[PDB]
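Asker: Letter by letter, the sequence shown follows residues 0 to 34, 38 to 59, 69 to 169 in the deposited numbering.
Please read through the structure below; I'll follow up with questions.
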Amino acid sequence: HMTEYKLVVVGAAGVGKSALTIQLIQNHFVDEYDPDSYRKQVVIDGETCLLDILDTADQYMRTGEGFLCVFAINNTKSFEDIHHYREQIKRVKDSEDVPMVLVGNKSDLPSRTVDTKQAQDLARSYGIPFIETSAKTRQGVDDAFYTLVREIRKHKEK
Ligand SMILES: Nc1nc2c(ncn2[C@@H]2O[C@H](COP(=O)(O)OP(=O)(O)OP(O)(O)=S)[C@@H](O)[C@H]2O)c(=O)[nH]1
Ligand SMILES: [Mg+2]
């Protein structure tokens with residue numbers, strides 16, 4: 000009675016992968032978590051979905076159905092590292108069409124070193140959606156995860 004979607008959250012250290020996941024799971028913002039798998043049942047477009055979410059630093072990398080590729084909008088390096096995460100995902104999947112969303116987190120912070128245009132340009136080159144989030148305020152969090160689910164459906168029957 001529920002459709003399972005296996006999601007994997009990747010990106011450089013400190014960008015907010017756990018905070019985003021915890022927002023989705025607990026509806027709470029964690030300032031300090033310890034640098038595993040989570041399950042969430044949610045109805046997306048009339049379908050009861052069981053999300054299976056791996057918050058990374069492989070099994071889930073080979074078996075993940077879709078990826079959130081997260082950088083922080085005040086961490087230029089994390090943005091630059093997206094290329095390396097995306098290449099990695101493509102290698103395993105032997106495909107240039109893997110369900111993925113580009114997420115620019117920490118939108119509440121004033122210190123923005125990656126502009127929205129840089130991010131939009133990158134997502135456009137990859138053929139994927141770009142969503143801005145804050146795990147702190149919860150702006151964009153559901154959007155990012157729901158959009159990923161929709162991208163998985165777009166690529167394959169579920
Ligand atoms: N202001 C603000 N801080 C955030 C946001 N998301 C995460 N943080 C903070 O950034 C720090 C890193 O977040 P965290 O979720 O631990 O990163 P991560 O990508 O999971 O890091 P890793 O080391 O486990 S591989 C934490 O102190 C967390 O509170 C956000 O949207 N806004
Ligand atoms: Mg973490």
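In this text, a Cβ means the ideal position worked out from N, Cα and C, and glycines have one as well.
Would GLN131 and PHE141 qualify as a contact pair, given that the criterion is a beta-carbon distance under 8 angstroms?
Answerer: Yes, the Cβ-Cβ distance between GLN131 and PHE141 is below 8 angstroms.
Asker: Where does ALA83 sit, in a helix, a strand or coil, going by DSSP?
Answerer: Strand.
Asker: Thinking just about the alpha-carbon of each residue, which of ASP47, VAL103, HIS94 is nearest to the one in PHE82?
Answerer: Taking only the C-alpha atoms, the option nearest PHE82 is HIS94.
Asker: Measure the beta-carbon distance from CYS51 to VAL152 and round it to whole angstroms, keeping in mind my assumption that it falls under 8 angstroms.
Answerer: About 16 angstroms; that fails the 8 angstroms criterion.
Asker: I'd like the span of the beta strand (DSSP E) that includes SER39, first residue to last.
Answerer: Note, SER39: beta strand (DSSP E), 39-46.
Asker: Count the other C-beta atoms from every protein chain shown that fall within 10 angstroms of the C-beta of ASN26, then say buried if there are 16 or more, exposed otherwise.
Answerer: Exposed, since its Cβ has fewer than 16 Cβ neighbours within 10 Å.
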